[PDB]
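Q: I have a structure here, written as structure tokens, and I will follow up with some questions on it.
Only the coordinates and a few stated rules stand behind these numbers; no lab work does. Quick reminder, even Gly has a Cβ in these numbers, built from the backbone with ideal geometry, and neighbours come from all protein chains shown.
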Amino acid sequence: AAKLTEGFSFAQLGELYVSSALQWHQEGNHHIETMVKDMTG
Amino acid sequence: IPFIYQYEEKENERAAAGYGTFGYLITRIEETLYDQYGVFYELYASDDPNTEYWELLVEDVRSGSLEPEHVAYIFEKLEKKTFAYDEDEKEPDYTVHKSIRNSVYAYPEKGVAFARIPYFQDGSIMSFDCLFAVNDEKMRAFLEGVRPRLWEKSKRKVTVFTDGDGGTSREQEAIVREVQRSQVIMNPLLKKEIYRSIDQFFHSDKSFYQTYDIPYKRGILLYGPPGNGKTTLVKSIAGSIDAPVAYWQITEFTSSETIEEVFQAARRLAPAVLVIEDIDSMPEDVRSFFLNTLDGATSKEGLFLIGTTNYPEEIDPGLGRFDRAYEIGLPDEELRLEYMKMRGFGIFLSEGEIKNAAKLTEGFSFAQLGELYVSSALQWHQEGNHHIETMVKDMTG
Amino acid sequence: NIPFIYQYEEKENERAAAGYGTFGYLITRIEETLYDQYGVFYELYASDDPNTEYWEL
Amino acid sequence: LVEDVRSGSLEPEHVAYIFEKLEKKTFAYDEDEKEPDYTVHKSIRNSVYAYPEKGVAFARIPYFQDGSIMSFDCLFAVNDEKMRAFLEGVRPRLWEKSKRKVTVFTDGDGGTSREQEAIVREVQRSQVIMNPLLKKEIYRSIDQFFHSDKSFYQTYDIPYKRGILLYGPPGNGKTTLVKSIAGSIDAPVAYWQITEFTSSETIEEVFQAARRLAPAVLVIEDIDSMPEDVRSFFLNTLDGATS
Amino acid sequence: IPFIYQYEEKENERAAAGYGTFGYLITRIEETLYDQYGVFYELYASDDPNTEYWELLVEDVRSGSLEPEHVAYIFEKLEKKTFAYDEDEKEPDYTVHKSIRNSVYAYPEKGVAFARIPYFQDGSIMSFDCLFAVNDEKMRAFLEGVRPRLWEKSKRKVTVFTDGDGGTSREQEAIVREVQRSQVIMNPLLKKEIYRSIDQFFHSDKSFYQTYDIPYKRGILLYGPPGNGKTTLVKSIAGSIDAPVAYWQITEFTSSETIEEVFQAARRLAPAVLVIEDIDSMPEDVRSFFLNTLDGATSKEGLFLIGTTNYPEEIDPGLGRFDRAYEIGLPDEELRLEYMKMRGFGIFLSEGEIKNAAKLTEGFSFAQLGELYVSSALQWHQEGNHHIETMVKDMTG
Amino acid sequence: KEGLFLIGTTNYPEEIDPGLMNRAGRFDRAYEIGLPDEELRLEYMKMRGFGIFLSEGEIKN
């Protein structure tokens, strides 16, 4: 994920963290790469 | 060493002005509370500037709650009755009940009592708001309980802040229409995503935020082309949340001063959702200051901000300083079809007619589907005939 | 037992409340007058009403 | 005095109440304050307090005026030398207390507003992700300025002050770097909020208040948003060195 | 002819409100002054609006001067002590001394006495300022003496006027640094010329102005490219003058109203030098009015104005309405060398090194030579090494 | 009752409201106050006091 996030700010990594964590907490998996693409979207 | 003034005061001239009446009333208020409850109430505020729990008192009395008990009137010949009716508010209240001014009330289980003591001056009738308690521990527990009561009460209401020349104006409004989550017409994939934040923030235990060490706040921006119904959507989202909702109406009077007033007032209802519609209407000289309240070194927690803009360009120059910005486009066919069932086309059309009308309404905004509904409704209510295919083709052209 | 600086004790007519003597007498007389003409009991619902609408009616 | 009483500090000592039937207790809870304080304690109005070791006492004497309740703030001392020494101790006391607060100045219509908050989320230096040699040097100049000695600035008659400017695209640790400073240094930290009401009058109030806190760190977020008709005045204020 | 009001007044109802206390205090103040000094003081101002000599009284008491004698307290139980400490001023004063309010003071040689009589109202404690004298000739000589005392005291200070929204704010400051004429680094030929005016205006007998019939005022403009140290120069000139110095800080609040306030306040310290830095920062709508105060039909005397501008173009459109405008260029080699000895390069460099460094600093501003000094100082204080030739070559590039 | 005599001054006749000029009310005549010629300069220097330190020839020069 550090590689996939070239050009991210820390605040963006932090939004990535909240969104993954929510997914992990509520559904039992994180989907980290989809969310990286959602955010470039 | 010498003294110019050598006059010697009679002991009658030592008396303190106003204290003879006031000390007498306080003594009698305490004697009366003892006679009725068998405990000793003490003064904790002789002219209380706080208004929050005094407004809770009045609403408690007005609404016939059991908890506050009328203990005594102060002056036999001042008012013993009052009414809620104030001609300046949007929604009149005609409730008649025992007066607050000229009365002593007690919350006997809480150990806290209230007296609004009348007096005459210049030239109106004013009052000292006096607060009593049986001991320090009960006084503190009462204060600690104020905000949770205000919170529960504001779930049941919507609070509009309208910025004016002096400052912002707070206005509470009845939730005449409750909003189920199934009535939020929106891209399903993005509806799912937003509600992950919303449900965690408002409809779950708060431990999540401590477990992952995540600031307890959020700010999302909803943007898109005009007429896409962004405003009706945000109200619909807000209405699905089991927490007080506050609307902030930017005006031409919005300054960095109204901003701080509104955010401090919303933050008193935390957790609360704060709706900011057309944040692009706010003056350019406060926008730098505004974005700092959301992400600066002294930004605060407890608020879920939701803003709408037609010009994402101008709000968040980094487009990014809101947490997420979501595009609301025009509705595709399935959204158009949900809309038509929710708005009540099924009144006058068969399911085939709805499915068809969803299919023919390509490029239609939600507003246009609404204007279609009203115009199609009259015809069915005027002519027994709806003529939607004729009306969609005529509204496009 | 924490001392009190102020120890003067008040004679009973120092407890009189400013302006209430005139005001309460008037209210009382207005109630008696209304009773004498209509045989029903009127009481105060507002001692200085800020609403203007029904006053202008 | 209020904060000393509110916090249960050993001095002052409650000496007496003034009126038997005015308040004996109060509570800090002010709904117009962002941090609700629910502490109940002995009343300030209607009480006498003494700092026996300092020889100074306080009475907030109530009285009635136009209906409403007011007070005289009466100050007592045992002698002139005690009074002076007490006064001379006020700003060192406020200095210490300000190390454990953050001061925020927000420019409003009249002028600036001071509020003392605690940081909503504290930030240690280890949570600041940054090039270590950039980090090291930024922290070293701050840490040298307050804890090395001023043998340099006095020897060479150089005013004892410094400023650094942090810049870059948002969301990469500027704010985080700043917030890491309040916890991390033995000196107060003040934030200055520029607004559309920022004026030369506003700039004077802030530096006078900031210099009363010195040695301190003064943070000016978004210094670009300072209005144009006060920039020159701001430069003059910076030059006028209280060291 | 008839009279509506026929009520007949008891002689007790003729009494004048407040006069019974006041006349009693004045009588006792006079009795007490007689008992102590053996003369009769009379009231000359019952609530004096003048503040100048009342401030001289307070500073006299505060500074332990012998001249004002404490005569009596007014009320036994009001303050007998006070302190100078006011948290609103930049420089706190911790002096404790006898109170002014609640006291009677006399200048017995002068024959003038002061009483600040306390009273209670709304709801604070205020005072009547009462002024007494033994006769009219002494009263007048006292008044005539006020301005010369204020003048001597303001030599020892610098007064800053900062224009604000309500009006200008006067601020007195300690002369922490005295400035000898040899520390004014400046073109020698023009230094000589300016000081001809200055020495005549401030450091000589004033008869010159009457002998040649020459208005007793001056206004010079100092201009040049930015960074030429114009501001540090004018402060250095001002600090060499044995007369009160007043700084006027134009702000965005400067109007024709602040102008008149500042000039009338400076003119009270006449002869005084009035420094006006960056007169080009003043609003264009008051500039016509401003130049009239210096040369119009009702312009006044007593002031030596010194202004600085980077835009001589905009200040004095006749470029001429100031008396002289002098260009301050960048320093040539000998000025650069004086600067380096005055600022303290000789701490860490040999004379050869100074001479050399003056030679290599062509095109250097005074500020740049200053920034060179600080950066060269650390190195010598950090590395035992200065490396000026390396640092000049690096600062140019 | 009885008569205001107005005297207006300007260093910028171009910026004058033209309505002010050549009316009997308002300003009916205007005069230019220009640089002094040599005879007038010499007159000014004498009354001013240049003769205190200058000779009759130095002043003429």
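Q: Restricting to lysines 8 or more places apart or on different chains, can you count the pairs in the range D:39-150 with Cα atoms under 27 Å from each other?
A: Step by step, the pairs that qualify in the range D:39-150 add up to 20.
Q: Just report the Cα centroid separation between the range B:157-182 and the range B:26-103, whole Å.
A: 27 Å
Q: In terms of the ratio Rg/(2.2 N^0.38 Å) built on C-alpha atoms, what value belongs to the range B:1-141?
A: Ratio of Cα Rg to 2.2 N^0.38 Å: 1.30.
Q: Normalized C-alpha radius of gyration of the range B:239-396, against 2.2 N^0.38 Å? The partial results should precede the final answer.
A: On the way: Rg = 20.9 Å, N = 158, 2.2 N^0.38 = 15.1 Å.
Compared with the compact-globule rule of thumb, the range B:239-396 sits at 1.39.
Q: Run the simple label-point estimate for B:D122 and E:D165 please: 7 Å along Cα→C-beta, distance reported in nm.
A: It is 2.5 nm.
Q: Would you kindly give the portion of the calculated P(r) for the range B:1-60 that falls above 17 Å, as a percent of all Cα pairs?
A: 66 percent
Q: Given 10 Å bins starting at zero, what is the percent of C-alpha pairs of chain C in each, up to the one with the largest pair distance?
A: 16, 27, 27, 14, 11, 5
Q: Something else now. If each of E:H70 and B:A377 carries a label point 7 Å out from its Cα toward its Cβ, how far apart are those two points in nm?
A: About 8.7 nm separates the two model spin labels.
Q: Further question: Quick one: check the C-alpha center-to-center distance for the range B:312-380 versus the range D:73-91, whole angstrom.
A: Each part's Cα centre sits 73 Å from the other's.
Q: Using just the C-alpha positions of chain F as equal point scatterers, what log10 of I(q)/I(0) does the Debye formula give at each q in 0.17, 0.29 1/Å?
A: With no solvent term, the Cα-only Debye profile gives -0.72, -1.23.
Q: Which whole-number percent of Cα pairs in the range E:90-227 have a distance greater than 22 Å?
A: 69 percent
Q: What number comes out for the charge environment of F:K60, summing +1 per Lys or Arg and -1 per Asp or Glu over other residues with Cβ under 13 Å away?
A: Result for the local shell: -3.
Q: Next up: What does the range E:282-327 give for Rg and for Dmax, in Å, if only its C-alpha atoms count?
A: That works out to 10.9, 29 Å for Rg and Dmax.
Q: Please compute the Cα-Cα pair-distance distribution of chain D with 5 Å bins starting at 0, giving whole percents from short to long.
A: Spelled out bin by bin, chain D gives 1, 5, 10, 12, 14, 15, 13, 10, 8, 6, 3, 1, 0, 0 percent.
Q: Let me ask something additional. Helix-only estimate, please: 222 nm mean residue ellipticity of chain B, summing -39500 (n - 2.57) across DSSP H runs of length 4 or more and dividing by its residues, to the nearest 500.
A: Rounded to the nearest 500, it is -12000 deg cm²/dmol.
Q: Given the DSSP H assignment, sum -39500 (n - 2.57) over each helix run of at least 4 residues in chain F and divide by its residue total; what's the result at 222 nm in deg cm²/dmol, nearest 500?
A: Counting only the DSSP helices, I get -7000 deg cm²/dmol.
Q: Kindly write out, for the range C:43-57 in residue order, the coupling ³J(HN,Hα) from the Karplus curve 6.51 cos²θ - 1.76 cosθ + 1.60 (θ = phi - 60°), rounded to whole Hz, with x marking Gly and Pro.
A: 10, 6, 10, 6, 8, 8, 4, x, 6, 9, 5, 6, 6, 6, 5
Q: If you filter the range B:53-90 for trypsin sites (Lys or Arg not before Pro), then keep DSSP loop positions with at most 14 other Cβ within 10 Å, what is left?
A: Sites meeting the loop and neighbour criteria: B:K90.
Q: Could I ask something else about it? Cα convex hull of the range B:204-276: how many Å³ per residue?
A: Roughly 125 Å³ of hull volume per residue.
Q: Next question. Give, as a single signed number, the net charge of other residues whose beta carbon lies under 14 Å from the beta carbon of E:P108, with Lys and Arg counted +1 and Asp and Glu -1.
A: Net of charged neighbours comes to -3.
Q: Additional query: Helix C:20-38 against the longest principal axis of chain C: what's the angle in degrees, Cα atoms only, rounded to the nearest 10?
A: Its long axis makes an angle of about 30 degrees.
Q: If you don't mind, another one. Binning at 5 Å from 0, report for the range D:200-243 what percent of all alpha-carbon pair distances ends up in each bin.
A: In whole percents, the pair-distance histogram is 5, 20, 32, 27, 12, 3.
Q: Set the Förster radius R0 to 22 Å, insert the Cβ-Cβ distance between D:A16 and D:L75 as r into 1/(1 + (r/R0)^6), and round the FRET efficiency to 0.05.
A: Plugging the Cβ-Cβ distance into 1/(1 + (r/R0)^6) gives 0.85.
Q: Mind checking the dipole of the range B:52-187: about its Cα centre, +1 per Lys or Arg Cβ, -1 per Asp or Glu Cβ, Debye to the nearest 20? Working shown, then result.
A: Numbers: 20 positive and 26 negative charges, 94 e Å.
Computed charge dipole of the range B:52-187: roughly 460 debye.
Q: Kindly write out, for the range B:219-226 in residue order, the coupling ³J(HN,Hα) from the Karplus curve 6.51 cos²θ - 1.76 cosθ + 1.60 (θ = phi - 60°), rounded to whole Hz, with x marking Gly and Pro.
A: Whole-Hz 3J(HN,Hα) from phi for the range B:219-226: x, 10, 10, 10, 9, x, x, x.
Q: So for the protein assembly as shown, what are the equivalent ellipsoid semi-axes in whole Å, largest first, each being the square root of 5 times an eigenvalue of the Cα gyration tensor?
A: After diagonalising the Cα gyration tensor, the semi-axes are 61, 51, 35 Å.
Q: Given springs between every Cα pair under 10 Å in a Gaussian network model of chain D, which of D:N79, D:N46, D:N172 has the largest fluctuation?
A: Checking each option, the largest mean-square fluctuation is seen for D:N79.
Q: Per residue of D:44-56, what is the mean number of Cβ atoms on other protein chains within 10 angstrom of that residue's Cβ?
A: Across the residues of D:44-56, the mean count of other-chain Cβ atoms within 10 Å is 1.
Q: Taking 23 Å as the cut-off for C-alpha to C-alpha distance, list the pairs among B:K206/B:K230; E:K90/E:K153; B:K191/B:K235 that go past it.
A: Details: B:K206/B:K230 29 Å; E:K90/E:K153 19 Å; B:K191/B:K235 14 Å.
Flagged as over cut-off: B:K206/B:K230.
Q: May I pose another question? Restricting attention to the alpha-carbon atoms of the range B:162-300, what are Rg (one decimal) and Dmax (integer), both in Å?
A: So, for the range B:162-300, Rg and Dmax equal 15.7, 44 Å respectively.
Q: Identify the trypsin sites (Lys or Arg not before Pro) of the range E:189-264 meeting these criteria: DSSP loop state and at most 14 other C-beta atoms within 10 Å of the C-beta. Let's see the in-between values first.
A: On the way: sites: E:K191, E:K192, E:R196, E:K206, E:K217, E:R218, E:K230, E:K235; in loops: E:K206, E:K217.
Loop-located and lightly packed - E:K206.
Q: Can you run phi through the Karplus equation (6.51, -1.76, 1.60; θ = phi - 60°) for the range B:180-191 and list ³J(HN,Hα) in whole Hz, with x for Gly and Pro?
A: Coupling constants for the range B:180-191: 7, 4, 6, 9, 8, 8, 6, 3, x, 5, 8, 4 Hz.
Q: I want the local charge near B:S375. Using Cβ-Cβ distances under 14 Å, sum +1 for each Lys or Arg and -1 for each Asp or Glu among the other residues.
A: Summing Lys/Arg as +1 and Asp/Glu as -1 gives -2.
Q: For the pair E:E8 and B:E152, how long in nm is the line joining their label points, each one 7 Å along Cα→Cβ?
A: Between E:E8 and B:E152, the label points sit 7.5 nm apart.
Q: Enumerate by residue number the trypsin sites (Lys or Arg not before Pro) in the range D:167-243 meeting two conditions: DSSP loop (anything except H, G, I, E, B), and at most 10 other Cβ atoms within 10 Å of the site's Cβ. Kindly include the intermediate steps, with their values, before the conclusion.
A: On the way: sites: D:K174, D:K179, D:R211, D:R212, D:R231; in loops: none.
Counting only loop positions with at most 10 other Cβ atoms within 10 Å, none of the trypsin sites (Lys or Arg not before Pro) in the range D:167-243 qualifies.
Q: Right, next: Percentage of Cα-Cα pair distances in chain E greater than 30 Å, rounded to whole percent?
A: Summing the P(r) tail past 30 Å for chain E gives 58 percent.
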